[PDB]
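Enquirer: Let me give you the structure first, and then I'll get to my questions.
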Amino acid sequence: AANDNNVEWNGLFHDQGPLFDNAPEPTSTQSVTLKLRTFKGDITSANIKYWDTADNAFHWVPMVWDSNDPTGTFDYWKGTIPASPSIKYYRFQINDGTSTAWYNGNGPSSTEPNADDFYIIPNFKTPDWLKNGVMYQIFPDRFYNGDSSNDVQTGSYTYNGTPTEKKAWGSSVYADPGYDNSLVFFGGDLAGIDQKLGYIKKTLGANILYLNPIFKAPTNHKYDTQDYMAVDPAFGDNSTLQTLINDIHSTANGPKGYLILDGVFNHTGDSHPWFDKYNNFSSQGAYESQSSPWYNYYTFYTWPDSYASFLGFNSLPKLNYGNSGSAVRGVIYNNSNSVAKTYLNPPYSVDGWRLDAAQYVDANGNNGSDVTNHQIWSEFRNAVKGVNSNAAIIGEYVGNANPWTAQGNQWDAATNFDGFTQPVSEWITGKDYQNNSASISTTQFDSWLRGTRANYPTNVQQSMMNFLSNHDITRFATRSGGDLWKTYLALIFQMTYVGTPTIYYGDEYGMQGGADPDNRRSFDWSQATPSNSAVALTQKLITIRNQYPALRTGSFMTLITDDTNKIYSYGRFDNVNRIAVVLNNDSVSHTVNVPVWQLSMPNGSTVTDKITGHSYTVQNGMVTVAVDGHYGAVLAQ
Ligand SMILES: [Ca+2]
Ligand SMILES: [Ca+2]
Ligand SMILES: [Ca+2]
């Protein structure tokens, strides 16, 4: 508010949204112009300090006043970082007389930060459809039986001395005596998904489907791959897949769609012919002979019974990637007929891969998270983007996936357990995604989100897979104790946050389910109608997100973190829209005075709460709205 030897943190702001960065994903020849907000006439000077990897040294860029905002409450200072192909990191030093403050990915700070700087990664690009879309994850056998003929009957075949069991739709997933939970088949197939595309792309509005493993394998989940080149018979054939894909891409049944498949490349099943532990093929697998033409595809500590695998499971033998140019790297991604390229090239042309157990991929039985692992994912990116520059690569990882993203040479994003799923679960349900006691306050929730977003470059942030639940954790509906309102609150946050909203089939209507396999129940189609509370809401929220680009690629600013009333408010905004989201995590309603002036919403202007449909007028830079307990408001203009 004045030159008083004091920098006012509350007026400061910067992130890589359109209002503050003119080149979020620049090439080697494009310079980056940055803008820093501050209260009007609050400072005397500001400087951009960036580290250049080409140089291994810091560089200084003095900023200059640029303009005021429409309300005349803030100033905007600007400075430009020169164009080059090198990766750079930056922070701001802000001065008002004898007062200095710093600011970077983690926000304001009195002392100079050493971590969490903003990222500039020349030529790094993540597909924009991923940034702007809504994903729907489907576990094939449990979504919808489109063709009951290809169904696996209770006794169709045996695996490791066990018959497969068919269950009636709606039945419990747990196997009956004499059977195994990994061999229970409810009947869902690709044909079904194809027939329910209308529900997916219209009723709900999602434009991206992500399917759990669909290739030939003996189990329910099918992560124990037997043949990467063939759609498993229980789901259909490769022609079925091609028809599904065509209908997904079609714009005659709704919005243009995108298909992402699960790529299990760290290991194969023990029944794959390269290994052939049960001798299901005339050929000789690695387990069968040390003279096998694929012996070197695996790592044996004591041939043939002790070998490298996924988390000690003997049914999942770990592939040996060797050095660059190896046969394994060839059949997985380098060869034209490899697994990755096959489905990315016509007649399939899928749109991306979700990398199962990505962190472990390595050579010689080692456990990844090393030089070799990253070199492999680097070669993987070149192979993929070489076929389709718009194909997405999302790696599975439960923590900070910075190591596979921040260099802009590996994945486009990752499964956001650490930056979305966990924090949300603990704030709303008082439990972690495992269903164990773990609760955080509103201030901790906000801190958690900011810290995790800071781990990633902005384009990676906008491409993260944000799901409330999935096939490896407990259902949100169960962690919430069956309280639908908690689901309401979660959906609203999900559809308005930074990252790709991902709906784990069933979650949109409150489906319950405990730990695997209880988290893989069949889909009750009598609940998949707007007549259902959660569904109607999901459809509305998806419509809201698709209506406002600020929700997908706009800036993010915290507006309120009230621990007593449990009120969380944040804004999403770009050059066109300004949206203030108000969430009520309490068990009783609260009337909140939203500080929309922080988003520069003009006084006397109006906003509409997209959740209730009610309209309001900005008075004294505020918006007073009564929000019901465990519910929210989306105030936009
Ligand atoms: Ca001042
Ligand atoms: Ca079927
Ligand atoms: Ca054999």
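Please note that chains go A, B, ... in the order of the structure tokens, that every chain numbers its residues from 1, and that ligands are numbered from 1 in the order shown.
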Hey, which residues come within 8 Å of ligand 2 if we count only C-alpha atoms and all ligand atoms? Could you give them as an MDAnalysis selection string?
Expert: chainID A and resid 141 144:152 187:192 234:236
Enquirer: Selection from above, N, CA and C atoms, as a CSV table (one decimal), in the first residue's frame, can you write it?
Expert:
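Result file follows (out.csv):
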chain,number,residue,atom,x,y,z
A,141,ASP,N,-13.3,-56.0,-16.5
A,141,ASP,CA,-14.2,-57.1,-16.1
A,141,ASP,C,-15.4,-56.6,-15.2
A,144,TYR,N,-19.1,-53.3,-17.5
A,144,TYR,CA,-20.3,-53.7,-18.2
A,144,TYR,C,-20.1,-54.9,-19.2
A,145,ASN,N,-20.8,-56.0,-19.0
A,145,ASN,CA,-20.8,-57.1,-19.9
A,145,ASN,C,-21.5,-56.8,-21.2
A,146,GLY,N,-20.7,-56.5,-22.2
A,146,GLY,CA,-21.3,-56.2,-23.5
A,146,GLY,C,-21.6,-57.4,-24.3
A,147,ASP,N,-20.9,-58.5,-24.1
A,147,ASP,CA,-21.0,-59.7,-24.8
A,147,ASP,C,-20.8,-60.9,-23.8
A,148,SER,N,-21.9,-61.5,-23.4
A,148,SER,CA,-21.9,-62.6,-22.5
A,148,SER,C,-21.3,-63.9,-23.0
A,149,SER,N,-21.0,-63.9,-24.3
A,149,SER,CA,-20.5,-65.1,-25.0
A,149,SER,C,-19.0,-65.4,-24.6
A,150,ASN,N,-18.2,-64.3,-24.7
A,150,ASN,CA,-16.8,-64.4,-24.4
A,150,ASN,C,-16.5,-64.5,-22.9
A,151,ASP,N,-17.6,-64.6,-22.2
A,151,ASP,CA,-17.5,-64.7,-20.7
A,151,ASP,C,-16.7,-65.9,-20.2
A,152,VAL,N,-16.0,-65.8,-19.1
A,152,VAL,CA,-15.3,-66.8,-18.5
A,152,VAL,C,-16.2,-67.5,-17.5
A,187,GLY,N,-17.6,-60.8,-16.0
A,187,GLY,CA,-18.0,-60.7,-17.4
A,187,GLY,C,-17.8,-59.5,-18.2
A,188,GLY,N,-17.4,-58.3,-17.6
A,188,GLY,CA,-17.1,-57.1,-18.4
A,188,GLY,C,-16.2,-57.3,-19.6
A,189,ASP,N,-16.4,-56.6,-20.7
A,189,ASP,CA,-15.6,-56.7,-21.9
A,189,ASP,C,-15.5,-55.3,-22.6
A,190,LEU,N,-14.7,-55.3,-23.7
A,190,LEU,CA,-14.5,-54.1,-24.5
A,190,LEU,C,-15.8,-53.7,-25.2
A,191,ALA,N,-16.6,-54.7,-25.6
A,191,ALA,CA,-17.9,-54.5,-26.2
A,191,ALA,C,-18.8,-53.6,-25.4
A,192,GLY,N,-18.8,-54.0,-24.1
A,192,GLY,CA,-19.7,-53.2,-23.1
A,192,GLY,C,-19.3,-51.8,-23.1
A,234,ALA,N,-11.4,-62.9,-23.2
A,234,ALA,CA,-12.5,-62.5,-22.3
A,234,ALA,C,-13.0,-61.1,-22.5
A,235,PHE,N,-12.2,-60.3,-23.2
A,235,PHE,CA,-12.5,-58.9,-23.4
A,235,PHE,C,-12.8,-58.7,-24.9
A,236,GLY,N,-12.5,-59.7,-25.7
A,236,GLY,CA,-12.7,-59.6,-27.1
A,236,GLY,C,-11.5,-59.9,-27.9
Enquirer: Pick out the residues sitting within 9 Å of region 291-301 of chain A, and hand them over as a PyMOL selection string; count only C-alpha atoms, and ignore anything fewer than 4 positions along from it in its own chain.
Expert: chain A and resi 267+274-275+283-287+305-309+317-322+327-328+363-365
Enquirer: Please, could you write that set of residues out with C-alpha atoms as a PDB file, in the first residue's frame?
Expert:
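So the final result, stored in result.pdb, reads:
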ATOM      1  CA  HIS A 267       7.579 -57.552 -15.678  1.00  0.00           C
ATOM      2  CA  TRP A 274       9.258 -65.964 -22.831  1.00  0.00           C
ATOM      3  CA  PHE A 275       9.227 -67.459 -19.323  1.00  0.00           C
ATOM      4  CA  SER A 283       8.549 -73.291 -27.165  1.00  0.00           C
ATOM      5  CA  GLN A 284      11.071 -73.243 -24.313  1.00  0.00           C
ATOM      6  CA  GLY A 285      10.816 -70.307 -21.910  1.00  0.00           C
ATOM      7  CA  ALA A 286      13.521 -68.966 -19.576  1.00  0.00           C
ATOM      8  CA  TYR A 287      12.169 -70.939 -16.623  1.00  0.00           C
ATOM      9  CA  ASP A 305      13.161 -71.060  -9.045  1.00  0.00           C
ATOM     10  CA  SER A 306      14.716 -67.889  -7.601  1.00  0.00           C
ATOM     11  CA  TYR A 307      14.529 -64.806  -9.816  1.00  0.00           C
ATOM     12  CA  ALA A 308      13.893 -61.054  -9.845  1.00  0.00           C
ATOM     13  CA  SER A 309      10.219 -60.076  -9.743  1.00  0.00           C
ATOM     14  CA  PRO A 317       9.058 -62.182 -13.347  1.00  0.00           C
ATOM     15  CA  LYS A 318      11.058 -58.961 -13.822  1.00  0.00           C
ATOM     16  CA  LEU A 319      12.257 -58.123 -17.346  1.00  0.00           C
ATOM     17  CA  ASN A 320      15.967 -57.410 -17.956  1.00  0.00           C
ATOM     18  CA  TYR A 321      16.430 -54.230 -20.016  1.00  0.00           C
ATOM     19  CA  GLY A 322      20.200 -54.540 -20.429  1.00  0.00           C
ATOM     20  CA  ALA A 327      16.327 -57.082 -27.461  1.00  0.00           C
ATOM     21  CA  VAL A 328      14.106 -56.295 -24.472  1.00  0.00           C
ATOM     22  CA  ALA A 363      18.541 -53.966 -16.193  1.00  0.00           C
ATOM     23  CA  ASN A 364      20.007 -57.048 -14.471  1.00  0.00           C
ATOM     24  CA  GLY A 365      17.350 -57.386 -11.777  1.00  0.00           C
TER      25      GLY A 365
END
Enquirer: Could you give me the residues within 12 Å of ligand 1, counting only C-alpha atoms and all ligand atoms, as a VMD selection string?
Expert: chain A and resid 1 to 12 38 to 45 74 to 75 94 to 101
Enquirer: Go ahead and write the residues just picked, N, CA and C atoms, as a PDB file, in the first residue's frame.
Expert:
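Written out: out_10.pdb:
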ATOM      1  N   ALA A   1       0.825  -1.240   0.000  1.00  0.00           N
ATOM      2  CA  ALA A   1       0.000   0.000   0.000  1.00  0.00           C
ATOM      3  C   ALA A   1       0.846   1.272   0.000  1.00  0.00           C
ATOM      4  N   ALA A   2       2.132   1.154   0.323  1.00  0.00           N
ATOM      5  CA  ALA A   2       3.027   2.317   0.301  1.00  0.00           C
ATOM      6  C   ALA A   2       4.495   1.943   0.473  1.00  0.00           C
ATOM      7  N   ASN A   3       5.373   2.891   0.174  1.00  0.00           N
ATOM      8  CA  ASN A   3       6.801   2.687   0.347  1.00  0.00           C
ATOM      9  C   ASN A   3       7.038   3.008   1.817  1.00  0.00           C
ATOM     10  N   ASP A   4       6.977   1.975   2.650  1.00  0.00           N
ATOM     11  CA  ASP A   4       7.125   2.127   4.096  1.00  0.00           C
ATOM     12  C   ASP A   4       8.108   1.114   4.665  1.00  0.00           C
ATOM     13  N   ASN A   5       9.175   0.832   3.929  1.00  0.00           N
ATOM     14  CA  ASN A   5      10.144  -0.168   4.367  1.00  0.00           C
ATOM     15  C   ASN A   5       9.429  -1.465   4.752  1.00  0.00           C
ATOM     16  N   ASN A   6       8.400  -1.838   3.988  1.00  0.00           N
ATOM     17  CA  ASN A   6       7.662  -3.073   4.253  1.00  0.00           C
ATOM     18  C   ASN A   6       7.013  -3.739   3.033  1.00  0.00           C
ATOM     19  N   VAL A   7       7.454  -4.948   2.698  1.00  0.00           N
ATOM     20  CA  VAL A   7       6.847  -5.677   1.590  1.00  0.00           C
ATOM     21  C   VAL A   7       5.639  -6.416   2.164  1.00  0.00           C
ATOM     22  N   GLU A   8       4.460  -6.166   1.607  1.00  0.00           N
ATOM     23  CA  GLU A   8       3.251  -6.827   2.096  1.00  0.00           C
ATOM     24  C   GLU A   8       2.985  -8.124   1.323  1.00  0.00           C
ATOM     25  N   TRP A   9       3.295  -9.246   1.960  1.00  0.00           N
ATOM     26  CA  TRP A   9       3.115 -10.567   1.367  1.00  0.00           C
ATOM     27  C   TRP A   9       1.741 -10.817   0.750  1.00  0.00           C
ATOM     28  N   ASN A  10       0.694 -10.334   1.410  1.00  0.00           N
ATOM     29  CA  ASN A  10      -0.670 -10.534   0.935  1.00  0.00           C
ATOM     30  C   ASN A  10      -0.981  -9.968  -0.446  1.00  0.00           C
ATOM     31  N   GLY A  11      -0.203  -8.989  -0.888  1.00  0.00           N
ATOM     32  CA  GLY A  11      -0.442  -8.404  -2.197  1.00  0.00           C
ATOM     33  C   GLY A  11       0.406  -9.048  -3.281  1.00  0.00           C
ATOM     34  N   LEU A  12       1.369  -9.868  -2.864  1.00  0.00           N
ATOM     35  CA  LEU A  12       2.274 -10.545  -3.791  1.00  0.00           C
ATOM     36  C   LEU A  12       1.691 -11.811  -4.401  1.00  0.00           C
ATOM     37  N   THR A  38       1.930  -7.197  -6.868  1.00  0.00           N
ATOM     38  CA  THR A  38       2.200  -6.648  -5.535  1.00  0.00           C
ATOM     39  C   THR A  38       1.076  -5.644  -5.302  1.00  0.00           C
ATOM     40  N   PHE A  39       0.896  -5.202  -4.061  1.00  0.00           N
ATOM     41  CA  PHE A  39      -0.129  -4.200  -3.786  1.00  0.00           C
ATOM     42  C   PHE A  39       0.344  -2.946  -4.496  1.00  0.00           C
ATOM     43  N   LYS A  40      -0.594  -2.073  -4.848  1.00  0.00           N
ATOM     44  CA  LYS A  40      -0.271  -0.834  -5.544  1.00  0.00           C
ATOM     45  C   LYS A  40       0.693   0.067  -4.759  1.00  0.00           C
ATOM     46  N   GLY A  41       1.825   0.388  -5.379  1.00  0.00           N
ATOM     47  CA  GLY A  41       2.829   1.249  -4.767  1.00  0.00           C
ATOM     48  C   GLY A  41       3.460   0.698  -3.497  1.00  0.00           C
ATOM     49  N   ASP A  42       3.563  -0.624  -3.410  1.00  0.00           N
ATOM     50  CA  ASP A  42       4.116  -1.268  -2.223  1.00  0.00           C
ATOM     51  C   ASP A  42       5.638  -1.435  -2.164  1.00  0.00           C
ATOM     52  N   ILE A  43       6.299  -1.530  -3.315  1.00  0.00           N
ATOM     53  CA  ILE A  43       7.750  -1.773  -3.335  1.00  0.00           C
ATOM     54  C   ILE A  43       8.608  -0.742  -4.069  1.00  0.00           C
ATOM     55  N   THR A  44       9.928  -0.872  -3.923  1.00  0.00           N
ATOM     56  CA  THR A  44      10.880   0.025  -4.581  1.00  0.00           C
ATOM     57  C   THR A  44      11.619  -0.686  -5.716  1.00  0.00           C
ATOM     58  N   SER A  45      11.808  -2.000  -5.595  1.00  0.00           N
ATOM     59  CA  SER A  45      12.488  -2.755  -6.647  1.00  0.00           C
ATOM     60  C   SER A  45      12.212  -4.257  -6.578  1.00  0.00           C
ATOM     61  N   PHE A  74      -3.596  -3.429  -7.274  1.00  0.00           N
ATOM     62  CA  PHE A  74      -2.268  -4.012  -7.398  1.00  0.00           C
ATOM     63  C   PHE A  74      -1.437  -3.403  -8.519  1.00  0.00           C
ATOM     64  N   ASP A  75      -0.150  -3.732  -8.506  1.00  0.00           N
ATOM     65  CA  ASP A  75       0.779  -3.311  -9.544  1.00  0.00           C
ATOM     66  C   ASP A  75       1.239  -4.626 -10.155  1.00  0.00           C
ATOM     67  N   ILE A  94      12.212  -9.361  -3.704  1.00  0.00           N
ATOM     68  CA  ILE A  94      11.325  -8.203  -3.694  1.00  0.00           C
ATOM     69  C   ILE A  94      11.710  -7.205  -2.603  1.00  0.00           C
ATOM     70  N   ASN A  95      11.984  -5.966  -3.002  1.00  0.00           N
ATOM     71  CA  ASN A  95      12.413  -4.940  -2.053  1.00  0.00           C
ATOM     72  C   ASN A  95      11.567  -3.686  -1.892  1.00  0.00           C
ATOM     73  N   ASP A  96      11.326  -3.306  -0.639  1.00  0.00           N
ATOM     74  CA  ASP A  96      10.657  -2.044  -0.338  1.00  0.00           C
ATOM     75  C   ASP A  96      11.531  -1.365   0.720  1.00  0.00           C
ATOM     76  N   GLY A  97      12.447  -0.509   0.283  1.00  0.00           N
ATOM     77  CA  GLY A  97      13.327   0.154   1.227  1.00  0.00           C
ATOM     78  C   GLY A  97      14.195  -0.877   1.930  1.00  0.00           C
ATOM     79  N   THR A  98      14.193  -0.855   3.259  1.00  0.00           N
ATOM     80  CA  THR A  98      14.987  -1.789   4.060  1.00  0.00           C
ATOM     81  C   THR A  98      14.334  -3.172   4.215  1.00  0.00           C
ATOM     82  N   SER A  99      13.191  -3.379   3.565  1.00  0.00           N
ATOM     83  CA  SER A  99      12.494  -4.661   3.653  1.00  0.00           C
ATOM     84  C   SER A  99      12.638  -5.483   2.383  1.00  0.00           C
ATOM     85  N   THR A 100      13.089  -6.721   2.544  1.00  0.00           N
ATOM     86  CA  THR A 100      13.260  -7.633   1.423  1.00  0.00           C
ATOM     87  C   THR A 100      12.490  -8.919   1.680  1.00  0.00           C
ATOM     88  N   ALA A 101      11.893  -9.454   0.624  1.00  0.00           N
ATOM     89  CA  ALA A 101      11.161 -10.710   0.707  1.00  0.00           C
ATOM     90  C   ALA A 101      11.514 -11.493  -0.546  1.00  0.00           C
TER      91      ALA A 101
END
Enquirer: Could the residues that lie within 8 Å of ligand 3, counting only C-alpha atoms and all ligand atoms, be listed as a list in words?
Expert: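 Counting only what the definition allows, namely only C-alpha atoms and all ligand atoms, the set is residues 273, 276, 277, 278, 279, 280, 281, 282, 283, 284, 285 and 288 of chain A.
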Enquirer: Generate the output file for the selected residues, N, CA, C and O atoms, as a short mmCIF file (atom, residue, chain, number, x, y, z; two decimals), in the first residue's frame.
Expert:
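Contents of result.cif, as written:
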data_model
loop_
_atom_site.label_atom_id
_atom_site.label_comp_id
_atom_site.auth_asym_id
_atom_site.auth_seq_id
_atom_site.Cartn_x
_atom_site.Cartn_y
_atom_site.Cartn_z
N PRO A 273 5.04 -66.91 -22.66
CA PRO A 273 5.95 -67.82 -23.35
C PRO A 273 7.45 -67.54 -23.22
O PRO A 273 8.26 -68.46 -23.36
N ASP A 276 7.38 -69.02 -19.50
CA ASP A 276 6.65 -70.29 -19.52
C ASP A 276 6.87 -71.25 -18.36
O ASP A 276 7.27 -72.39 -18.56
N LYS A 277 6.56 -70.79 -17.15
CA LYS A 277 6.74 -71.57 -15.93
C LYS A 277 5.86 -72.83 -15.83
O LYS A 277 6.22 -73.77 -15.12
N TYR A 278 4.73 -72.84 -16.52
CA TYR A 278 3.85 -74.00 -16.44
C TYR A 278 3.84 -74.82 -17.72
O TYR A 278 3.10 -75.79 -17.85
N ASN A 279 4.69 -74.42 -18.66
CA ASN A 279 4.82 -75.07 -19.96
C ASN A 279 3.51 -75.10 -20.73
O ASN A 279 2.97 -76.17 -21.04
N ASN A 280 2.99 -73.92 -21.03
CA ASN A 280 1.74 -73.78 -21.76
C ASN A 280 2.02 -73.67 -23.26
O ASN A 280 1.09 -73.62 -24.07
N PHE A 281 3.29 -73.62 -23.63
CA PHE A 281 3.67 -73.51 -25.03
C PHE A 281 4.75 -74.53 -25.38
O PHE A 281 5.52 -74.94 -24.51
N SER A 282 4.80 -74.94 -26.64
CA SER A 282 5.79 -75.92 -27.07
C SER A 282 7.19 -75.29 -27.04
O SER A 282 8.19 -76.00 -26.88
N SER A 283 7.26 -73.98 -27.21
CA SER A 283 8.55 -73.29 -27.16
C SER A 283 9.14 -73.42 -25.76
O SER A 283 8.43 -73.78 -24.81
N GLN A 284 10.43 -73.14 -25.62
CA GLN A 284 11.07 -73.24 -24.31
C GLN A 284 11.37 -71.88 -23.68
O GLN A 284 12.23 -71.14 -24.15
N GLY A 285 10.64 -71.57 -22.61
CA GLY A 285 10.82 -70.31 -21.91
C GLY A 285 12.02 -70.30 -20.98
O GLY A 285 12.62 -71.35 -20.73
N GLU A 288 12.13 -72.76 -18.23
CA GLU A 288 12.32 -74.11 -18.73
C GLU A 288 13.74 -74.49 -19.15
O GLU A 288 14.18 -75.62 -18.92
#
Enquirer: Find the residues near residue 409 (chain A): any atom within 12 Å, counting only C-alpha atoms, skip ones fewer than 6 places away on the same chain, and give them as a ChimeraX atom specification.
Expert: /A:87,121-126,374-385,393,402-403,460
Enquirer: Measure the distance from CA of residue 555 (chain A) to CA of residue 22 (chain A) in Å and round it to one decimal.
Expert: 12.7 Å
